[PDB]
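**Student:** Sharing a structure here in structure tokens format.
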Amino acid sequence: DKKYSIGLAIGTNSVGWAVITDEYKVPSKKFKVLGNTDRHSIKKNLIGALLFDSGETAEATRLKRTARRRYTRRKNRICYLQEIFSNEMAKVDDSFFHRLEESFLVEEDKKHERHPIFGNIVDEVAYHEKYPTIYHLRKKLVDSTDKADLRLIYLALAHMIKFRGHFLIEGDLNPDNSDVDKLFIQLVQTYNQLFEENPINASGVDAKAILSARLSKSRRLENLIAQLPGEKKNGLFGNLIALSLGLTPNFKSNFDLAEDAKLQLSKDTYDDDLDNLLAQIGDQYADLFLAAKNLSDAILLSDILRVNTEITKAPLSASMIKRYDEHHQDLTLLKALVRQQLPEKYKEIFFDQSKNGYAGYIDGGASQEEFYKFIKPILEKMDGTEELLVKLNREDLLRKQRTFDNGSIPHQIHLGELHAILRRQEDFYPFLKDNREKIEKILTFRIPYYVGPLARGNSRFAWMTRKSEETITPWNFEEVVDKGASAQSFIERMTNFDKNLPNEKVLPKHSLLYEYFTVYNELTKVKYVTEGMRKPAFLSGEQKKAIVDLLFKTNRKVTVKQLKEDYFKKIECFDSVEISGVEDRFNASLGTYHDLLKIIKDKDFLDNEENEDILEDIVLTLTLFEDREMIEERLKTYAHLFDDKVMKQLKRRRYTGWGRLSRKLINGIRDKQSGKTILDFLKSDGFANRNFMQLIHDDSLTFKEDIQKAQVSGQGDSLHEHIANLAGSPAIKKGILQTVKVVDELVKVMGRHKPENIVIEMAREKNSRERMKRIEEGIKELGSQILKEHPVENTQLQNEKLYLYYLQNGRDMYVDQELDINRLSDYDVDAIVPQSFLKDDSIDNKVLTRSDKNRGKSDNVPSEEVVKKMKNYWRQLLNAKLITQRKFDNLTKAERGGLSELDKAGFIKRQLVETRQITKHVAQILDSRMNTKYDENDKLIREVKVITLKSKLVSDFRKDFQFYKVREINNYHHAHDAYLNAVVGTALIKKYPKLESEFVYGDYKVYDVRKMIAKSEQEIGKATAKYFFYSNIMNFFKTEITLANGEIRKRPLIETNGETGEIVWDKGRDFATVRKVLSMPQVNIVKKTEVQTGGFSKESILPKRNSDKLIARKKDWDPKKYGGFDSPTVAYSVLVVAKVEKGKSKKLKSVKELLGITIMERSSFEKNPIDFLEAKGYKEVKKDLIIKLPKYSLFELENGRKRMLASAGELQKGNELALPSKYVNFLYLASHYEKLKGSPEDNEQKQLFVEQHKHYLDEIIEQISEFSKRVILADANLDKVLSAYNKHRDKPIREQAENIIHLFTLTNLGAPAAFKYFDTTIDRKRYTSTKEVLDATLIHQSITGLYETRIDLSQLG
DNA sequence: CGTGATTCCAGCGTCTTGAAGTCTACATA
DNA sequence: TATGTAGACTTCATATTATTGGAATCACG
RNA sequence: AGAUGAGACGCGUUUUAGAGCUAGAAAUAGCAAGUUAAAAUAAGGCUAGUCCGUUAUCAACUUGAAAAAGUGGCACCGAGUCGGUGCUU
């Protein structure tokens, strides 16, 4: 019944929880232990951690589910195609389909003849010889007009439909005119007919090879132009070739036109633009451009497939046949050459399936790239292989028909081939003629994005609403599914709700309102300085409107030069202007406005606000519904305002992505007194010009209050729903839920009381190239030659001193002293703002100088004399991006305003307030779960204060007072960090009452910079209630205060509250108490048990083998003939005490053994456990003794050895290592784990401490041994570690600890893992036997681990 | 003849966009 | 006519790793 | 730098078919051939659909078919995974 506080630290893999009283001790409690063991009470501390498997995302589940749906859909499509052929096939061959369906079974289990296609070996051999592959059959069917057997037609159709190719390309691309060279000849003929006086000789030019080569468009155009000595690329023929290749040529020069004749086939408007062009050029040239477009289509076809013969009626089959012929010829040549020149490598390449040779490439698992890499050196070594080497460079050597690059084949090719086959063979089979439309519909059927899966109220993923209850087929899909209702449901379901307003719809990424908001947001912080203006002024409403209209509505991108010239010079008549806040091209732009102006060609319509809503409905309509038909259907309602060309142009364009804000948050909510929305505020703000971040965080505006009101009550009362809907990764949400459960358990344990303070902080969860680019840009801007004199790479630039030296161009930021490399060790990095005023330690805050005394006087900011010295030097670095704007202003803070009260207030808020918002939601959950009562004023009684603090304060506290953390020694660091969280939070709230307004939730009123800030000097006694003149937060804990020049100040031995007089910190006992708490050997580490769910087993389908470990992939197909999956993931083990038949006599012998239940059999076991256990071979099962052991069950054996049952057959280390604080401090100091920043005298003292306590290293190697012999029992690894340590006893202490930190994985918690001591690698130790835990003590531990239930398994059986 | 130590392995790619580099008609001396 | 010169426009990328439990393999007292 | 969600594509993997031949009596040796196709692609279930099955959740005991609810004093001295003492019961 004593007042106490709870400290919680939340992490992705950990939840640390500690309990503190008001004396900063740690309470210890007696707990009863249930079960049949002798122990009936155990004393445990209230500080510990909870560990669990990291939360797994749902991406894998989504991918697997989609794959399964696609496979079922494809199988049903094949079934429909078989249905169409059912009658005719039964007329021709009554058992063909049954033979096709059962081909996978071996001869023993087959019901018909083993040969599928024809049922006799002779006809099968004839078919295979007459057609090597199905592509030969398809081409033969297409070209020939003779009647073919029904089975061949069925096989061709099935292979066409089962693999229909992608549907990315929309429209039509196969006009049956795709011969590149032939179309080029036709274009030349048309050009010669139109221009008889200027003919072009194209004879001898291999246009087909040039255009179809794997080269860029410009390169191919140049190559083709080079083949015509008398033609240039800017000529009419060159422009036509560029258009065919897909470039953007201008025909204005060729015909001396006034309008810029820019024609591109990608743009839809070309359809009109060409015709309008013809208006000036006449109708004679139309055929020329039609031939050019046909040639372009031929080139596009040639991009994806290669063909030479002109007799092709099927562009795909001919290409595959050509590739097959090339493969055959190259294989024969390669075999001959290998047998001739290098007979020693014949067997390896052509017989060994293990190797990456041809045998492994065809029969084994060798991929194409592996085979190319293996055969390239052999081909290079041999002679006469120039053809093969060229093919290998072109990646077309010994290829197959099924390759990874077939994923670009559009369905048009297969559709055309199927249409050709049906046209050829319908004259001999009437049903094909009658059902041609059905087959084409089956092949082209694509379930549209909006429609979604075709469920009937049994699936939680589908939202399709049908017009009638009937089976859905591709032939009648147009009428069964109601398009409009499904589209509306898709709109209302798919869109992601706004984070700020959970009940509002987010805007489209390219919506007009969102783009306006983005433009205005950055527009309100732009400033301009001219000659006549004394001080820069903010853009007024008239200026912003003029800039938007003249620039944002006329130029796609607005640059700094454009802003300065087109507006300030043209309108404001300013010759020189200095733009502040924005540099270079603006990030925001009105792209959608320009796109709509291009389409509708009505600027006034876009400028009309009344039509805006309609425009919005357009943007969303183009944001989603990729399918064209629905775009047309929905835009039909607005088709009355636009022409058919405009409607088609709107249909063609499609947008992507989404925005970040809702529509109401931009223009829906209005302030109480002003009566203006956010966009209205940005339009006319006047003096303030507050941005969106300031507008939503302005305490003087109702916007923040409305945001707070809308945020709460986001969903129902259920905790699970609130956890689920939190914006974050699954791991962090699991951590939050576990944290809530842990704090509820703690509330329960402490006698149904309620904590007075709860502290929660959440751990935060490439650069070298960026820093190198920044350095290069700065050097190029300055022109210095320091890089040539001192070259460096990214590996050596780890130390911040070198980075500062490069950023300073080998100079000093305080004096005009040239930097010396040999003096870099003597140099001391100093913070621009002293550590007393602010603990920033950032790179921009760091400055490298010869002597810190040169920084200036005791004033925090460096002296303004240094500013007068190096104003230009600093501004050059600022303009060269070497330094940041914040760093430049901090260097010049003394000149500008010294140390204004605003700087102090900002420092305090930055040190205190939490930037992220997830912590606020966690605090809201905790407050609603603790505060449940109201006062007389109907206001929530805030008994529990949920204070939140950043991790930086706790890290600084750890580093200040020799409280060092090592993230590899053990897992107590989570609990210790939670304990320090609680201590710091309680101390800070007690010391500073008013600042609690920022800590505790929004119920407390806000304050201002007036209080707690002294105008000048360190006023003694704090009479005016000013808490800290210095801008620190936690500096009162230490016994001294440093200054900028090096001056020192002292603090009282005991710190007490300023007003109430309560003691807040007893420096004579509090540090000793914290040391004792951190030195406690007993900390509660419990692993959260998780019954394993997931894949039934590894998905790699292993070949057949003579073992029982294989699991059948189907009910009938036993694994002894067809192989199957292996290594199932055991969901949870089951301890059964029963008897099993033994020997030929089947004698029942009592056995106690662990049985693993797979995920596949889990449902069967959980339905009828007794029947399943009997089926596996257990007789007379003790139902009451069946004990469920999930993964991570805890076992204790003699001498405190702990194990975790990771599965049915592998155990994990279950013990933690409790090290004294002195050894941890020695390990952290000696290893230089973090940066060595600090006072040089302090660094020297730490180095002396490291040197004087070297022998501790040996002690550590002792303790692990004494630990290992009672915990790990891995003698070989321990001996190898001892030998390696003895070998490296002479290594320097700088690197004699970086290896010992990695050495602790030997006796760590979790799964065993291999490590490396210097160059000697110690492999992981495996526990292949779990028989011992059958005679150990099982420990059922509560979620926080305070309660126990010990079961002595030895007392069974 | 388990038994303990050692070795190898696990289903995976794409569905557009933006900065980079460059060629160009045009302004100015 | 020679040299910038903004500008329009094609081009080359536009994410990496990882545990840890199963099974196989093999020396071995 | 926040998660969930709809539609396709390309493969990969496993069995079978594409009679391997010659000299041996087999074991073996030599020679020819390599591309493709059918089925499956988590066991399967009922709700029988172009549905659903790898996300979230899950200590023990008692009640409740489930959703959920309820279960065990405290103080002090120390510290090798907690022990001892006092008090209460």
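If you use the UniProt record's numbering, the first sequence corresponds to residues 2 to 766, 775 to 1366, in order. Even for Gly, the Cβ is constructed at its ideal location relative to N, Cα and C.
Using DSSP's beta-bridge definition, name the partner residues of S6.
**Tutor:** The count along the first sequence starts at 1 and reaches residue 6 at position 5. Looking at the DSSP assignment, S6 forms a beta bridge with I21 and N758.
**Student:** Is there at least one non-hydrogen atom of the ligand NAP closer than 7 Å to the beta-carbon of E532?
**Tutor:** No copy of the ligand NAP appears in this structure; indeed no ligand is present at all.
**Student:** State the beta-bridge partners of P411 as determined by DSSP.
**Tutor:** The count along the first sequence starts at 1 and reaches residue 411 at position 410. Paired residues: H167.
**Student:** Can you give me the C-alpha to C-alpha distance between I1120 and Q971, rounded to a whole angstrom?
**Tutor:** Here residue 1120 refers to the residue found at position 1111 when the first sequence is read from its first residue. Here residue 971 refers to the residue found at position 962 when the first sequence is read from its first residue. Using only the alpha carbons, I get a separation of about 57 Å.
**Student:** Identify, in the order they occur along the chain, each residue of the same chain with its Cβ nearer than 8 Å to the Cβ of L444, setting aside the five sequence neighbours on each side.
**Tutor:** Taking the first sequence and counting its residues from 1, one reaches residue 444 at position 443. Excluding residues up to 5 positions away in sequence, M161, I162, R165, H412, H415, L416 and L419 lie with their Cβ nearer than 8 Å to the Cβ of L444 in the same chain.
**Student:** Apart from the five residues just before and just after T146, which ones in its own chain have a Cβ nearer than 7 Å to its Cβ?
**Tutor:** On the first sequence, position 145 is the one that residue 146 refers to. If we look at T146 and ignore the five residues flanking it on each side, its Cβ neighbours are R425.
**Student:** Per DSSP, what kind of secondary structure is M465 in: helix, strand or coil?
**Tutor:** Mapped onto the first sequence, residue 465 falls at position 464. The answer is coil: DSSP assigns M465 none of H, G, I, E or B.
**Student:** According to DSSP, is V1095 part of a helix, a strand, or is it coil?
**Tutor:** Stepping through the first sequence from its first residue, residue 1095 is reached at position 1086. Three-state result, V1095: strand.
**Student:** Classify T593 as helix, strand or coil using the three-state DSSP reduction.
**Tutor:** Locating residue 593 in the first sequence gives position 592, counting from the first residue. The answer is helix: DSSP assigns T593 an H, G or I state.
**Student:** Quick check on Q794: buried or exposed, where buried means 16 or more other Cβ atoms within 10 Å of its Cβ?
**Tutor:** The residue you call residue 794 lines up with position 785 of the first sequence. With fewer than 16 other Cβ atoms within 10 Å, it is exposed.
**Student:** Return the Cβ separation of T622 and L636 in integer angstroms, given the expectation that the two are a contact with Cβ distance under 8 Å.
**Tutor:** Counting from one through the first sequence, the residue named residue 622 turns up at place 621. Counting from one through the first sequence, the residue named residue 636 turns up at place 635. With a Cβ gap of about 6 Å, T622 and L636 count as contacting.
**Student:** Give the range of the alpha helix (DSSP H) segment to which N77 is assigned.
**Tutor:** As a position in the first sequence, residue 77 is number 76, starting the count at 1. Counting along the chain, the alpha helix (DSSP H) containing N77 begins and ends at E60 to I85.
**Student:** For the candidate residues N1054, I978, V1009 and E910, whose alpha-carbon lies nearest to that of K1035?
**Tutor:** For this step, residue 1035 is matched to residue 1026 along the first sequence. Nearest option by C-alpha distance: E910.
**Student:** Quick one: give me the first and last residue of the alpha helix (DSSP H) that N668 is part of.
**Tutor:** Here the question's residue 668 lines up with position 667 in the first sequence. Segment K665 to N668, the alpha helix (DSSP H) holding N668.
**Student:** By Cβ distance below 8 Å, which residues in the same chain neighbour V620 in space, the five residues on each side in sequence not counted?
**Tutor:** If you number the first sequence from 1, residue 620 lands on position 619. Closer than 8 Å at the Cβ level, and outside the excluded window around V620, lie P509, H511, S512, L513, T593 and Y656.
**Student:** Between the C-alpha atoms of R457 and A732, what's the straight-line distance to the nearest angstrom?
**Tutor:** Here residue 457 is taken as the residue at index 456 of the first sequence, counted from 1. Here residue 732 is taken as the residue at index 731 of the first sequence, counted from 1. Approximately 33 Å, taken between the alpha carbons.
**Student:** How would you label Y155, buried or exposed, when you count the other beta carbons within 10 angstroms and need 16 or more for buried?
**Tutor:** As a working mapping, residue 155 is identified with position 154 in the first sequence. It counts as buried.
**Student:** Looking at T310: is its Cβ nearer than 8 Å to the Cβ of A299?
**Tutor:** In the first sequence, counting from the first residue as 1, residue 310 sits at position 309. In the first sequence, counting from the first residue as 1, residue 299 sits at position 298. It is not a contact, given that the beta carbons lie outside the stated cut-off.
**Student:** Rounded to whole angstroms, what is the Cα-Cα separation between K1296 and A1306?
**Tutor:** In the first sequence, residue 1296 corresponds to position 1287, counting from 1. In the first sequence, residue 1306 corresponds to position 1297, counting from 1. Looking at the two C-alpha atoms, the distance is approximately 15 Å.
**Student:** At the level of alpha carbons, what is the spacing between residue 771 and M822?
**Tutor:** No coordinates exist for residue 771 in the structure shown, because the numbering of the chain passes directly from 766 to 775.
**Student:** Would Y72 be called buried (16 or more neighbouring beta carbons within 10 Å of its own) or exposed?
**Tutor:** One-based indexing of the first sequence puts residue 72 at position 71. Around the Cβ of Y72, a 10 Å sphere holds fewer than 16 other Cβ atoms; the residue is exposed.
**Student:** Got a sec? Which residues, its chain only, sit under 7 Å from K1107 by beta carbon, not counting five neighbours each side?
**Tutor:** Counting from one through the first sequence, the residue named residue 1107 turns up at place 1098. Excluding sequence neighbours, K1107 sits near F1134, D1135 and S1136.
**Student:** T858 lies in the beta strand (DSSP E); which residues open and close that run?
**Tutor:** By one-based count along the first sequence, residue 858 stands at place 849. Annotation: the continuous beta strand (DSSP E) that includes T858 extends over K855 to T858.
**Student:** CB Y814 to CB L796, shorter than 8 Å?
**Tutor:** Reading the first sequence from its first residue, position 805 is the one you call residue 814. Reading the first sequence from its first residue, position 787 is the one you call residue 796. Not a contact, by the Cβ cut-off of 8 Å.
**Student:** For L857, count neighbouring C-beta atoms within 10 Å of its own C-beta (all shown protein chains included) and say buried if the count is 16 or more, exposed if not.
**Tutor:** Here residue 857 refers to the residue found at position 848 when the first sequence is read from its first residue. Its Cβ being crowded by 16 or more others within 10 Å, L857 is buried.
**Student:** To the nearest angstrom, how far is it from the Cα of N803 to the Cα of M781?
**Tutor:** The residue given as residue 803 occupies position 794 in the first sequence. The residue given as residue 781 occupies position 772 in the first sequence. Their backbone Cα atoms lie some 8 Å apart in a straight line.
**Student:** Using a threshold of 8 Å, state whether the C-beta atoms of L1226 and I1310 are closer than that.
**Tutor:** By one-based count along the first sequence, residue 1226 stands at place 1217. By one-based count along the first sequence, residue 1310 stands at place 1301. Taking 8 Å as the Cβ cut-off, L1226 and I1310 do not qualify as a contacting pair.
**Student:** At what residues does the beta strand (DSSP E) containing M1213 begin and finish?
**Tutor:** In the first sequence, the residue the question calls residue 1213 occupies position 1204. That run of the beta strand (DSSP E) goes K1211 to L1214.
**Student:** State whether the region 1187-1207 contacts the region 1255-1265, with contact taken as three or more CB pairs (one from each stretch) at a distance under 8 Å.
**Tutor:** In short, these stretches do not touch, since the Cβ pair count stays below three.
**Student:** Measuring alpha carbon to alpha carbon, tell me which residue in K665, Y1232 and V713 is nearest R1084.
**Tutor:** Counting from one through the first sequence, the residue named residue 1084 turns up at place 1075. Checked all of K665, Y1232 and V713; the closest Cα to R1084 is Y1232.
**Student:** Residue range of the beta strand (DSSP E) that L389 falls in?
**Tutor:** Counted from its first residue, the first sequence places residue 389 at position 388. Not the beta strand (DSSP E): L389 falls in the alpha helix (DSSP H), residues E387 to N394.
**Student:** In its own chain, which residues sit with a C-beta less than 7 Å from the C-beta of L82, not counting the 5 before and 5 after it?
**Tutor:** Taking the first sequence and counting its residues from 1, the one referred to as residue 82 is at position 81. Correct list, in chain order: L158, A159, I162 and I443.
**Student:** Who are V1086's beta bridge partners in DSSP?
**Tutor:** As a working mapping, residue 1086 is identified with position 1077 in the first sequence. In DSSP, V1086 forms no bridge with anything.
**Student:** Where does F1204 sit, in a helix, a strand or coil, going by DSSP?
**Tutor:** Within the first sequence, residue 1204 is the residue found at index 1195, counting from 1. Here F1204 sits in strand by DSSP.
**Student:** Which first and last residues belong to the beta strand (DSSP E) in which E1049 is found?
**Tutor:** Residue mapping note: residue 1049 aligns to position 1040 of the first sequence, counting from 1. First-last of the beta strand (DSSP E) with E1049: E1049 to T1051.
**Student:** In three-state terms, what does DSSP make of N863?
**Tutor:** For the purposes of this step, residue 863 is taken as the residue at position 854 of the first sequence. If DSSP states are grouped into helix, strand and coil, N863 belongs with the helices.
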